[PDB]
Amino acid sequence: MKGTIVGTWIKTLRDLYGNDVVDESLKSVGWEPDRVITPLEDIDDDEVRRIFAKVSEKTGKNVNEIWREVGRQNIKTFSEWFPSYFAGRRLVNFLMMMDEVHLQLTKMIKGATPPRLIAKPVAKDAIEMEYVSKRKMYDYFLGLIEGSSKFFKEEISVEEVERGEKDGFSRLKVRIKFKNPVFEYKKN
């Protein structure tokens, strides 16, 4: 996992559960207080899982519920760390650029494995979006969508069309319907 993104998760975990829960969890995996993670660092996914496993133990919350809450809250964290990705956009632009963002924010990393997040318009008021990743972070993905709706103040409904693993890839396809239409037909 890109170290910067792990850094956003650490800040979000403090916002959600408190500095004590986080500081202790980080020290149980051997980090010294307070590690600063660099733009080029890579945190091993097994460490992330161990950090979140300790958060689950101390909060009494199941790790899926943690990831869902982290997904919702990390949009606010992203808006402070990556402000140009939010300003001057609406919810549907933001969602539809995510697949390219994740390709190119990891394109410089050797053996990179970004989630695919391909979105496609299917109606004037709806897109389909498919999470595809070997990491099976379904609740984080869904929380990020719900937090994106909150940040942009645009009402959506999310229909989870299908969720399952194939060839080692976890996939979750959602249909996102906007209360107010977001597309018009235009020239190719």
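In this text, rigid core is short for the largest set of C-alphas that superpose within 1.5 Å between two forms. Numbering starts at 1 and runs along the sequence shown.
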C-alpha RMS from this form in 7 other deposited structures of this protein, rigid core superposed: larger for 171-179 or 7-15? 7-15
Relative to this form, superposed by the core, which stretch has the greater CA RMS in 7 other deposited structures of this protein: 88-96 or 108-116? 108-116
Mean C-alpha B factor from the entry: is it higher for 118-126 or for 66-74? 118-126
Taking only the CA atoms, which stretch has the higher mean B-factor in the record, 131-139 or 38-46? 38-46
Whose CA atom has the top B-factor in the entry, of 158, 26, 144, 161? 26
On the chain's distribution of Cα B-factors, residue 169 falls within the third called highest
Is the Cα B-factor recorded for residue 180 in the lowest, middle or highest third of its chain? highest
CA B-factor ranking of residue 188, expressed as a third of its chain: highest
Lowest, middle or highest third: which one holds residue 79 when the chain's residues are ordered by CA B-factor from the entry? lowest
